[PDB]
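**Q** Quick mapping for you: the protein sequence lines, in order, are chains A and B. Heads up: the first sequence at position 6 corresponds to 6 in the deposited numbering, and the numbers run straight through without jumps. Heads up: the second sequence at position 37 corresponds to 37 in the deposited numbering, and the numbers run straight through without jumps. All C-beta atoms in this analysis are idealised placements derived from N, C-alpha and C, irrespective of residue type, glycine included.
Number of protein chains: 2
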Amino acid sequence: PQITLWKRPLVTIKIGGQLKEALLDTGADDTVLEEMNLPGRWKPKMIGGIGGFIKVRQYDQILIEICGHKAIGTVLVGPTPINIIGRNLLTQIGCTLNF
Amino acid sequence: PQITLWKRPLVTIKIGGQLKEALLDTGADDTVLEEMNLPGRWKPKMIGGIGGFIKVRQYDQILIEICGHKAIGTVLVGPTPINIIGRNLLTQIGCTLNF
Ligand SMILES: CC[C@H](C)CN(C[C@@H](O)[C@H](Cc1ccccc1)NC(=O)O[C@H]1CO[C@H]2OCC[C@H]21)S(=O)(=O)c1ccc(N)cc1
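#1: Measure the alpha-carbon distance for A:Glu-65 versus A:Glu-34 and round it to whole angstroms.
#2: Can you give me the Cβ contacts of A:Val-32 inside the same chain, cut-off strictly under 6 Å, excluding the 5 residues immediately before and after it?
#3: Please name the residues in the segment 15-40 of chain B whose beta-carbon is closer than 9 Å to at least one beta-carbon of chain A, in chain order.
#4: Taking only heavy atoms of ligand 1 into account, decide whether any of them is closer than 7 Å to the Cβ of B:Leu-76.
#5: Confirm the yes/no value for this check: CB of B:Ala-22, any heavy atom of ligand 1, distance under 7 Å.
#6: Please state whether DSSP places A:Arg-57 in a helix, a strand or coil.
#7: Applying a beta-carbon distance threshold of less than 9 Å, which residues of chain A neighbour B:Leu-63?
#8: Helix, strand or coil for A:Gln-92 per DSSP?
#9: Below 8 Å on the Cβ atoms is my guess for A:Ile-50 versus B:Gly-51; work out the distance and round it to an integer in Å.
#10: Check whether the Cβ atoms of B:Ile-93 and B:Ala-71 lie closer than 8 Å to each other.
#11: Would you say A:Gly-48 reaches chain B, if we count a Cβ-Cβ gap shorter than 8 Å as a contact?
#12: What does A:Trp-6 touch in chain B if you count any residue whose Cβ is under 8 Å from its own?
#13: Indicate whether at least one CB of chain A lies closer than 8 Å to the CB of B:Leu-97.
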């Protein structure tokens, strides 16, 4: 679909058999989700945003469906202010900026 | 034009008679630019993201040209690690997300 930016581009995602709302974030290299339980192994990592760095758990090769489009990639889980879908997954669903 | 998200969507902007590289960021509510000496009055503000909040100066009705598309609106200035074009100006240049 075509999404205008008058409001936050929030969309429903499905990860680990659970529905959630997430922000399509072209300014994020990576996908960061709020605290949740995900199966499989994970590795501790650090990510930095506008206000500093936070500790996150990195989950690789995770299936996640964004607005009816499937993707399999890395998902970081930690104390982010909001679920954000970053470019690592936006590319998988064929998302582009157009003006 | 169309911009893919394989790499950061950086573009050239023109503000206060200066050319800069800025990020087209659908996840950013409002434009925030790296520290620069803009004239005129301003109002303090704090914006939050990954890692916490930063203090910025809010300038109103600032003219910015993004990829030859003129815009005018709020521009925040503060210790951001990167110039960010937010939704408040992306709408003005007709920018949409598409997949
Ligand atoms: C609350 C939603 C989202 C986190 C908000 N951010 C925009 C976001 O695009 C930032 C914009 C951003 C990009 C680069 C450095 C600092 C901020 N990206 C980001 O934090 O991504 C992180 C996750 O992937 C990694 O790639 C980029 C940093 C990591 S932000 O920078 O903090 C921001 C908040 C309010 C305004 N008005 C303008 C910008």
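**A** A quick look at the data gives this:
#1: 16 Å
#2: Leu-76, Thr-80 and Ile-84
#3: Within the segment 15-40 of chain B, the qualifying residues are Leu-23, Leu-24, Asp-25, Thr-26, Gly-27, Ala-28, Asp-29 and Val-32.
#4: yes
#5: No - ligand 1 has no heavy atom lying nearer than 7 Å to the Cβ of B:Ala-22.
#6: strand
#7: What B:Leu-63 touches in chain A: nothing, since even the nearest Cβ is about 18 Å away.
#8: coil
#9: 7 Å
#10: yes
#11: Judged by the 8 Å Cβ criterion, A:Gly-48 is in contact with chain B.
#12: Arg-87 and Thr-91
#13: yes
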